[PDB]
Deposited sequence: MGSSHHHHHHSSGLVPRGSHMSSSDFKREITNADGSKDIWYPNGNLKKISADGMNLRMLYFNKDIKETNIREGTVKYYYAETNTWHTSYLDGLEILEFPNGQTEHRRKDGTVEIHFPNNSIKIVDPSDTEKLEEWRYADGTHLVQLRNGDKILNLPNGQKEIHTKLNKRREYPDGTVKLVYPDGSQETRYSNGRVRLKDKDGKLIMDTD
C-alpha cells in the first residue's frame, strides 16, 4: 500500500494510500509533501525552514529556526512575526512595525515616518524635512 521508491540518484518518491505524494532530494536536505487537499509542505534543512502552503486560502506560511514566522497572502500583504512579539506587515508599498510608548509605527515609500503612541498622539516625519506632531 505505502509505496516508497528510491531512485538511482538517491532521491525518494513515496506514494501514500490517502493520495498524498512525498518527495525527498538525493541529499535528503529538501523534503516536499504534496498533500491532497491540495496543500504543500516544504522542509529545507540547510536553511532551517518549514513552509506550509494552504490551497484553501492561497496562503504561504514559512517558519524559521530563530522563531521568525512569515505569512504570505495573494493580495500582496506579507506579515513578519518574531518570537519577541515584534510584528512587521508589508503592504504595497507600506510597512507597519509593532513592538510591545509606541502603539504602532509606519514607514512609507516616500520615506515618510509615522509614529503612533499609546496616548493617541502622532508624530509624522515627512521626506521634505518637515516634522508633524498631533496632540489630543
So which bits of the deposited sequence did not make it into the model?
1-25, 126-129, 166-209
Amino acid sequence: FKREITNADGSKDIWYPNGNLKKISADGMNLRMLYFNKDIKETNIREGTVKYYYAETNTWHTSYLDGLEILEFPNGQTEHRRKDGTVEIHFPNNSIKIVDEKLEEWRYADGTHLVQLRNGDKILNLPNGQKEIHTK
From here on, numbers count along this sequence of modelled residues.
Check the entry's C-alpha temperature factors for 107-115 and 51-59, then say which stretch has the higher mean.
51-59
Where do the C-alpha atoms have the higher mean temperature factor in this entry, in 24-32 or in 71-79?
71-79
Between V99, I45, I40, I89, where does the Cα B-factor run highest in the record?
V99
Binned into thirds over the chain's modelled residues, the C-alpha B-factor of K136 lands in the highest
If you rank the chain by CA B-factor, which third does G10 end up in: lowest, middle or highest?
lowest
